[PDB]
Amino acid sequence: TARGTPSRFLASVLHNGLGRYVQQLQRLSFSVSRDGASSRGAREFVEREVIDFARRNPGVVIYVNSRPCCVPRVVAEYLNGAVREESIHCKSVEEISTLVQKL
Amino acid sequence: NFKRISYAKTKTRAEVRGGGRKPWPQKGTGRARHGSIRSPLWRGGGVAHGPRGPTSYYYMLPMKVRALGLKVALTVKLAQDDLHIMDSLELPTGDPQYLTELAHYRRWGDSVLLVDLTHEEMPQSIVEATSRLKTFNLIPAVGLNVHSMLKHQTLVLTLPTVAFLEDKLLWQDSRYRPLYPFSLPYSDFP
Amino acid sequence: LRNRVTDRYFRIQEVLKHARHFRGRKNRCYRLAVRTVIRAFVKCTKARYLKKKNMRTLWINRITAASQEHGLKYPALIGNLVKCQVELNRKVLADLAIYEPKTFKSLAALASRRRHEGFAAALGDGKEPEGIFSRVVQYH
Amino acid sequence: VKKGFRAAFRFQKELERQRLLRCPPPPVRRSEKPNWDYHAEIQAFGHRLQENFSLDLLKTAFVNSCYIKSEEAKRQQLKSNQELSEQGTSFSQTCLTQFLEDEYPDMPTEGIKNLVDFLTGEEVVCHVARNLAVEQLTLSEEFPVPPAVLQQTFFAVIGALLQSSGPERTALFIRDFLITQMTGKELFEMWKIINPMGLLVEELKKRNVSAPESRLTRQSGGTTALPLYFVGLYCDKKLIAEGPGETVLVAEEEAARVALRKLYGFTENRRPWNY
Amino acid sequence: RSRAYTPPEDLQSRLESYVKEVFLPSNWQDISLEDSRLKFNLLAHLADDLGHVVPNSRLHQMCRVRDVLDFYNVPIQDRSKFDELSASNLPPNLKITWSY
Amino acid sequence: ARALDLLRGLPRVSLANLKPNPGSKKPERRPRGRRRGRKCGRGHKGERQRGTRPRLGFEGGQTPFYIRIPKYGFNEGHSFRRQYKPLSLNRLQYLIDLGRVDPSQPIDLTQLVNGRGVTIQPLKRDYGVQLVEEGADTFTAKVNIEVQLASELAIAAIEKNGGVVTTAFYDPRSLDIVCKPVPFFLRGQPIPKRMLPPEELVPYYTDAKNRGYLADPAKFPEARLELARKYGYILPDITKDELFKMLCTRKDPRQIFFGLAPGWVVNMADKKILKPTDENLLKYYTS
Amino acid sequence: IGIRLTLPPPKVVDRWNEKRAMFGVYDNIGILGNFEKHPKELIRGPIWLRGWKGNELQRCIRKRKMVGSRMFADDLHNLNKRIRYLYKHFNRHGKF
RNA sequence: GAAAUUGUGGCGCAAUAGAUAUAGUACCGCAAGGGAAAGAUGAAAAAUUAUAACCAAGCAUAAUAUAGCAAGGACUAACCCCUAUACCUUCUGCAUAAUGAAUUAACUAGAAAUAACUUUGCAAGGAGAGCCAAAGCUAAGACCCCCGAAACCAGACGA
Ligand SMILES: [Mg+2]
Ligand SMILES: [Mg+2]
Ligand SMILES: [Mg+2]
Ligand SMILES: [Mg+2]
Ligand SMILES: [Mg+2]
Ligand SMILES: [Mg+2]
Ligand SMILES: [Mg+2]
Ligand SMILES: [Mg+2]
Ligand SMILES: [Mg+2]
Ligand SMILES: [Mg+2]
Ligand SMILES: [Mg+2]
Ligand SMILES: [Mg+2]
Ligand SMILES: [Mg+2]
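Residue numbers (the authors' numbering), protein chains in the order written: chain b, 2 to 104; chain F, 105 to 294; chain R, 10 to 149; chain c, 31 to 107, 119 to 316; chain h, 56 to 78, 82 to 158; chain M, 10 to 296; chain i, 32 to 127.
The structure is reproduced here in structure tokens:
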């Protein structure tokens, strides 16, 4: 609830809309497994939909680690300093893509 | 599952030691009404719905079904490029290492099932080689079965074993009702 | 025991997380916490409906306050604006009253004029010009 | 002793998290943390702002003298910024002067200078740099990067940009980034002063050849201990400005400030500014 | 050893020559193997030459010589997945690594 | 197949792949949770929730439906009723067509069983096959049959085709032996003499109008003639055709099997047939 | 606090043990071994339930018949009691 | 409720579990009889070391400020404003001033086939004999609790 959760006001980092819309996303760090069903979707993404994504947004600089990971994660690092870290665990490719887009 | 006989038991409130006496009278005391110390609610009381007895999980799939499964497995093995037929099993050396090396060369797999009939007409060399190798297993065709196949990344059959398989597994097709068990002679059947 | 719960602490913590800031044992003891937390959740869901109502009441109060400073009542004002085809919502009207007072004043004046026109119309049952700030833009 | 593992692992993780929360580390620079390619990140940065420039020339705009010294020391156990940074600072300042002048000509020179300083000072610029991820790509002695160093780096970047694409582009960039830090911020927050009355008088003299009277328009309270003195400023029987206050002097000061604002084409109204 | 195989670069003629050596007439691509010995001879020889054994999953499939030719003409490449990734025109955003 | 081809792609079928077909395995509904807990499908107080609900059939103290009706011998002597598994002529024809059941040989019960036309079971008191009219027309056999009962129409049908219907009697014990002889052999007893009709089957099998095996064979031809007169068609004289020698064989009673005498002990392993000698034993066997 | 601090010693498991390597070998002996032996003769267990699935109550009954004669007095009695209980529970107590 | 007749391990527990059991001891009982609890270092205590800590309730570090099922909407602000008749059970109907519950911890309650449905297998047959079969039969899957009398009787032990 609102009383429990810490609150906030609406703002935009460094006035994005005024001058130029700046991509706030710096880095996506993809922890993937070579073997393991945990990261099948992730693997698929890496194979096909990651390169395209990268091409689409060159301000982002993607890393892909392939680090015998039992649960795959995608670490999204932003321009302010905040780090949004989210799992890719047993997700379909499309879903993963959507998540990435959102990030 | 069909072999599995689970040995888990617990004591019901009857089988636990003693406690047939009312701990305190029902109505006088300001405590919870109770009948037996050793009721399931109590510390070190009987188990309510525990496991009990050796439990057998035995059930017989139709023989035909089993046969089909075997056939299916075989098909899968061939389909997936993992089946390899041999003219015979015969290693010049009879060394574990050698066999492994050969497998590596041929890109067989992690584990390799070797199949050649009887048991009594086994080549000594092959036996010697396999025995020490954990993964490289020998079976007679009588023993060949689905689970084992699934486990092992390759199937390696001799021609005679293949023939035997063909003989056996097609006979589940184009047959009669049992009428009585096949251990008993009949005209045709051995 | 075959299988008993290893992960129970976490379940306990899930509820206690939401109960941290309650007074007394409600924030420490899971049993008491659960009842309170659920109640809180219920309130939160209900409160969404309440919030909307409350905001609108606040806006009406503000607009009334503003309108009285120009010698007009709320209902008169709103009705005249509706007649005019000025369809500013009450959040916006309240904002105007606070942050953009000359505009608010102008609006009030307009409303008053509309009211006057209406009154005039009432005297002479029918005809002639309908008045200048009356009339309606016909969409087809 | 329960039979599991997953739960235990979870608990351990939780404990670790708690520990982290309690005794956090001395915040480390991003170059030391694992996933990090310097060239690639520079490229990304270049792409991000929506103007291309030379990567050999940009790289040098990050390298600091202190860092170089440190490196040398390490070795014992590159061009640097200066050339670019100075250029960046100077050109940037000039640009700022041009823009402000274009916008509000009634502003005096001193005021303009002050504004420029505020824009390009140790704080705002640093903040901007931080927002942009200059601090990550910069590489200096010690950490966190001290503000002056950051500022220098920023100006070097600007200089590099200028060298690469063109002046106009640089100007545009400046407008986008530095000048958008006076959006909410009214004058007097930026160019802080003492004794505005005198200033007003001087301005008046410059303009009309006259002096202002200071009438008192309204006042609730006064004896209450929470008054609302609303005080004007009249010039030849016409109020140029009017301001509020708890005390009369304060009110007068406020009025003066308002008048100044009016004079110098500011107010809260202003004009939105074209982007 | 390697699974990698590039289709020739002759081949079409070489295969024909091989066929002739083994068994000549018109419509050489349309010849059904059918006889087992012949099949064994041809395919094995090809394998020996090209370093490319016909899979026993695919053995039933190629009845004609045309089928065999078709099979031969398609490529196979070992590579490894990291290598493949590297090859696949990575833009300067991507930095794929392999921690084995 | 396409499936096989596809299976070239995809991973190797391992134990880590396998999954039962959707629908085969139902979800198990167990009572923990707000949906299935609380009252847990049992209702409220009473004699439902506590279990303890009274027996099936009971109607709350009103006299039960099953007890209110009067008794009656529907199932009075049902374990002492002779039960005959039917063989319709059509079925027989089908069998003949299919190769199983050879009409060049005699059709005894044993042969039929082997073919697996008629399954029968001595336990549950089957007393053999009954020949039935169901494929009366559209029949073409020309074959001798030992069968335990026969409808007149069925008999007629076979006779017209130049066959020989002979009814025969197998006591439960005898019948069992007949049905599966190999197990009997394995058991290791001597082949017993089958017993005669008990009491009320004697008048059946002593008349030639139902082709009884104890009936006087002077009247058989008369019976046949009568049948012919009734159902049209002409009696084919049997003596002239080539299979008469086989059609004449009649299983002279207390024999069970078509070749083997009573008292023979069939040694299956090391293939011999041991015969009894000893005069008294022989006499007994004859009896 | 039921949950613990020291995460356990690593559960090492050789999936190629002599047991697991040859699990199911010979199992399926009839359909390709001229039906000399039924697969139900492969299974090793308590004599009263060898190739016989059963039910709780039924199992108890079987035990009593097959083995009960050579059963320990203290346990035979218990078995009997169980049977008594089980019959009551099934033949009377539940639903439907 | 018959008969003939037929014929050298563990998908176990692991210190409230597993045996009542570190013990039929202590303790209770005239007696028969009932009948517990609990231990946990390291290679080394002929190393007393020093750290491993961090985690239940209860406390402490840290008493309190008008107003009210302990909160929610919020708010610049913890309160102050507005909204808000704890829970379970049992009830036609409970804030009820109806039951239960000081709190934490761990333990503590749906288990059985006929007959249906499902998906496999085979199919005028099915089923590893026997059983069923006017499309069947074989196969698995999926339904059916816990606590509580006063009592009755058998055999001991007590004046
Ligand atoms: Mg007892
Ligand atoms: Mg009791
Ligand atoms: Mg116990
Ligand atoms: Mg409840
Ligand atoms: Mg109830
Ligand atoms: Mg009731
Ligand atoms: Mg009555
Ligand atoms: Mg214990
Ligand atoms: Mg605490
Ligand atoms: Mg209140
Ligand atoms: Mg009551
Ligand atoms: Mg009574
Ligand atoms: Mg005395």
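Even for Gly, the Cβ is constructed at its ideal location relative to N, Cα and C.
Considering only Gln198(M), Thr149(M), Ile164(M), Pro212(M), the residue with the shortest C-alpha distance to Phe178(M) is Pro212(M).
Taking the beta carbon of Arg311(c) as reference, no residue of chain R falls within 8 Å; the closest one sits roughly 16 Å away.
Secondary structure note for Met238(c): its alpha helix (DSSP H) is the uninterrupted segment 237 to 248. In the same chain as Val274(M), and ignoring 5 residues on each side of it, the C-beta atoms closer than 6 Å to its own belong to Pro199, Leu283, in chain order. By a beta-carbon distance limit of 8 Å, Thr176(M) contacts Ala159(M). Their separation comes to about 6 Å. Here the alpha carbons of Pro185(c) and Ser76(R) stand approximately 56 Å from one another.
The Cβ atoms of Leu274(c) and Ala292(c) do not sit closer than 8 Å to each other.
A straight line joining the alpha-carbon of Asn63(R) with that of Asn36(R) spans about 30 Å.
Counting only residues of its own chain and dropping the five nearest sequence neighbours on each side, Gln87(h) has a CB closer than 8 Å to the CB of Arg122, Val123, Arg124, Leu127.
Interface criterion met: the Cβ of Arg35(i) is under 8 Å from a Cβ in chain c. If you ignore the 5 residues before and after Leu245(c), its C-beta comes within less than 8 Å of the C-beta of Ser251, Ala252, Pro253, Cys276, all in its own chain and listed in chain order. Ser30(b): member of the beta strand (DSSP E) spanning 26 to 32, first to last residue. Within the segment 167 to 241 of chain M, the runs of beta strand (DSSP E) that reach at least 3 residues and sit entirely inside it are, in chain order, 173 to 176.
In this structure, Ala74(c) sits away from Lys153(h), with a CB-CB distance that is not shorter than 8 Å. Between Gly306(c) and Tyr68(c), the C-beta gap is not smaller than 8 Å, which leaves the two residues out of contact.
For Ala38(b), the three-state secondary structure derived from DSSP is helix. Relative to ligand 2, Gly139(F) has its C-beta within less than 7 Å of a heavy atom. Counting only Cβ-Cβ distances below 9 Å, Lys255(F) has contacts in chain M at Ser23, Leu24, in chain order. Straight through space, the alpha carbons of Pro112(M) and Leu218(F) are spaced by roughly 50 Å.
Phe196(c) sits away from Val175(c), with the two beta carbons spaced by 8 Å or more. Judged by DSSP in its simplified three-state form, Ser97(M) adopts strand. Under the 8 Å Cβ criterion, the segment 61 to 72 of chain b does not count as touching the segment 110 to 125 of chain F, having fewer than three qualifying pairs.
Not one heavy atom of ligand 3 falls within 7 Å of the beta-carbon of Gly125(i). Counting other Cβ atoms within 10 Å of its Cβ, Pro131(M) reaches 16 or more and is therefore classed as buried. Excluding residues up to 5 positions away in sequence, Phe148, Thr149, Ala150, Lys151 lie with their Cβ nearer than 7 Å to the Cβ of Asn170(M) in the same chain. Fully enclosed beta strand (DSSP E) runs of no fewer than 3 residues occupy 92 to 97 of the segment 77 to 136 of chain M, in order along the chain. Listed as beta-bridge partners of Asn153(M) by DSSP are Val173(M).
Under the 8 Å Cβ criterion, the segment 111 to 128 of chain R does not count as touching the segment 54 to 71 of chain R, having fewer than three qualifying pairs. By the Cβ-count criterion, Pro40(M) is exposed, with fewer than 16 other Cβ atoms from all chains shown falling within 10 Å of its own Cβ.
Ranked by Cα distance from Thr265(c), the options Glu287(c), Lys278(c), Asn315(c) are led by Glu287(c). A distance below 8 Å separates the beta carbons of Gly124(M) and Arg109(M).
Beta-bridge pairing by DSSP links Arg74(b) to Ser32(b), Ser88(b). Straight-line spacing of the CA atoms in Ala59(h) and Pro113(h) works out to 15 Å. By alpha-carbon distance to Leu273(F), the top candidate from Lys181(F), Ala245(F), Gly148(F) is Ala245(F).
In the structure shown, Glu227(c) falls within a coil segment according to DSSP collapsed to helix, strand and coil.
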